[PDB]
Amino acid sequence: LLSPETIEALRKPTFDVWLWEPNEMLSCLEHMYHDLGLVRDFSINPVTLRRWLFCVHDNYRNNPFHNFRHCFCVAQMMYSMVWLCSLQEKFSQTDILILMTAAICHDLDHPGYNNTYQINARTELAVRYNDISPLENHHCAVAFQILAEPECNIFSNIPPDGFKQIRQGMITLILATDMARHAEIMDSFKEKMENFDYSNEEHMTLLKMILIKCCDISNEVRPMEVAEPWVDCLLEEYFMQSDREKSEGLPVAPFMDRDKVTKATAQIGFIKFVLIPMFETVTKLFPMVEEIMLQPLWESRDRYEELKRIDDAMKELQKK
């Protein structure tokens, strides 16, 4: 079970995600589906929603980063943003359901090695998906294989028109999380920012893509306390790949290269050039984003630059 202080904390991006066992996390997710009115408006069976949440959990691998606690971080951050940006005045319940279900499903069965590995290694997945966002395409297929199982089918009581619309929105959102598309998806968005229209379908579809993109990579929005161990987990996984890429002679990405990668320099760039501009142009629609998220991103960038100068000092002392 869960406290009423927990249930309140669950709505802000300061929620401490490392406090909870999987069981308590499935209840937090379940609760979001009730509290957002999704159960009510789409006639979701309350036991089918529990089943489905457990159905999702099992299909998540035990990876250092891309695991079931990661998708909880993303789902819980999406939830946080519904309240902080009043999205229930700007979006239909269907769009909310798509945003929260895609956020829960967008890394199903991640294997721990990114698209570049998949392709360069000519994996089954790269071969099945023709080098085209193989992981993200795999994530959707799993999410809908899960929903094709009737007792995991939280959509059982939605009419087929509604299903098709939800399934199409989920596919877009999950496929939009492929970071190779970041500059493209960002450019389309800001272009529409010169005159953003809530009644333009393309515009809403682009705002949702950015919204799930924001949640996916929002660990440094959380308090330094919560954010910091995530970078550790990320580098683990990343070194796990680059080690493989060399027992294999495959190219090695500099940001996974043990010889060139510190915790400071893994974040300093990523905050400055990816996380801040993204939340900036998002703040242009929700000013109250500036205080609650764009702020921890400035203090995070500033801490990690300090850490880099200490790290470098220490790197004089070895390398002889």
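Numbers for residues come from their place in the sequence shown, where the first is 1.
Participant: Which is higher on average in the deposited entry, the C-alpha temperature factors of 283-291 or of 262-270?
Facilitator: Higher mean C-alpha B-factor: 283-291.
Participant: Could you settle it for me: does 196-204 or 156-164 have the higher average Cα B factor in the PDB entry?
Facilitator: Per the deposited B-factors, the answer is 196-204.
Participant: Using the entry's values, work out which of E149, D178, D107, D232 has the largest Cα B factor.
Facilitator: Checking the PDB record, the top C-alpha B-factor among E149, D178, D107, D232 is at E149.
Participant: Choose from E236, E245, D95, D131 the residue with the greatest Cα B-factor as stated in the PDB record.
Facilitator: When the deposited C-alpha B-factors of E236, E245, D95, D131 are compared, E245 is largest.
Participant: In terms of the chain's CA B-factor thirds, is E225 lowest, middle or highest?
Facilitator: Highest third, going by the recorded CA B-factors of the chain.
Participant: Is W52 in the lowest, middle or highest third of its chain when residues are ranked by C-alpha B-factor?
Facilitator: Answer is middle: the recorded C-alpha B-factor places it there.
Participant: Where does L87 sit by CA temperature factor within its chain: lowest, middle or highest third?
Facilitator: Middle third of the chain for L87's C-alpha B-factor.
Participant: Considering only modelled residues of the same chain, in which third does the CA B-factor of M240 rank: lowest, middle or highest?
Facilitator: For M240, the deposited C-alpha B-factor lands in the highest third.
Participant: Comparing against every modelled residue in the chain, figure out the third that the C-alpha B-factor of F255 lands in (lowest, middle or highest).
Facilitator: Highest third.
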